[PDB]
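The chain that follows stands alone, in the form deposited in one PDB entry, written as structure tokens.
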């Protein structure tokens, strides 16, 4: 039933010849020039890094004055890119060894700090992506200037040159394909993109470039609020200022140097339907954050993320997942700390960004992550004054020992919640009820399902499950102000005839006071969400209510007006339940009822 050809049948015969790996050098040069880097512009990043390393070496040799800088020159008339650094330079041996040998890195044998970028020994050859001819003038410290020249076809020549300034100058005779790198504006774009945090001054055609400090690598105390505003505007390409700043450093289990910002501007709803930069040794390298935290701006840097040869890919997908989980938990802890510090400011944050907390809860499969994010949610309570926000953890700490459920109610505003027909039935019990006003709060709590091993249950659902338990409820009005059992059952029989296929059951409830009726569905939250795109509703009436009392008299007094009224009582309860369809078609019927009621 299985088809396998792999069997241990091979046996070594005689001696073995030992060999050594070889390399096709000319083929390797073509690979680096045509297939290594996915974008041609990164040759500027490679040459600047080499200039930075050469300067870092000279700075190290200054322990035993001279200017230490990088100069870029573009000539559109001759189509040349030129970079010159004032670093250690290279002698006759170093030019042949370092530049002539692929994968040979002098920056490897130099050790023996953490300010060197090169390690692979191939980055220099990126110049042959954009240039047909490359000239290198190098003058070593102490040390006879030499000129290195090649075309990238597998051969180079070296001759002694005079008048070579200390350091190294490299001239790229650009191909006709890549004349854009003889443009000053284009070259300045690439420098700002990849090399904006170099530790040495960079000059472009005589003008000094506005390099920045890598704030994420600095001590948080040495960073002012003004410095964070400037950095936020650069990394987020924004014009405002951050309302929250998280500067997170860690060394275990992973190296982390990061800064996250929350914009003071509210998120654009156009951009929400359609964020953080990753760096290494202060060079841009472009997953890191969960989807629901995409509203964060800033920078993440981790020495534990290996880069591929082209310096544009991350190699440890298991570490990125682990990094993302660490960052996620650190942001949750930070946001909770903002709630306790300034709850008024956090109330505006949750109002502008709370939608991301709800998305994260709905789209996550891990229950512990759902509950971690749910700690950020804020609601009102029936046990607290109006306007005072609370949380699920604060609700849990008020629960008695004998309770195992968290009750909530979803209504547009505080007044509708306090005077809801579903909260009137809950007042007969002595449980606290969360008041949730946001449009997607019910969907969120439905996906959350439980918090701290306590089941979430809506007021509407609990009212229906009480029907299948004990009738432990008393009417808010004495029996003298309600219909008798003969009168109520006579009314219920008429209602079932006038509302055949519209309702499943009609019953009298002793749990209402101000409202004449209500609609109950066991899975009310799921019905309200499905309506965002004829079910089996139950109509529960208040026989103590004057409007219901008048309905019983109208079915014999004015039978046609009584049916018109019954339809409006049903519609009012459907609207109040959040289960109404289009409210426009009922306005025509309601105006007809108002004229007839007013004689």
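Residue numbers count along the first chain shown, from 1. What we label the rigid core is the largest C-alpha set whose atoms superpose within 1.5 Å from one form to the other.
Not pictured, yet referred to below: the form deposited in another entry.
- Considering 358, 297, 281, 311, one residue stands apart with a C-alpha shift of at least 2 Å between this form and the one not shown following superposition on the core, and it is 358.
- Superposition on the rigid core between this form and the one not shown places the CA atom of residue 135 less than 2 Å from its counterpart.
- The Cα position of residue 452 differs by 2 Å or more between this form and the one not shown after fitting on the rigid core.
- In a rigid-core overlay of the protein, residue 52 has its C-alpha displaced by under 2 Å between this form and the one not shown.
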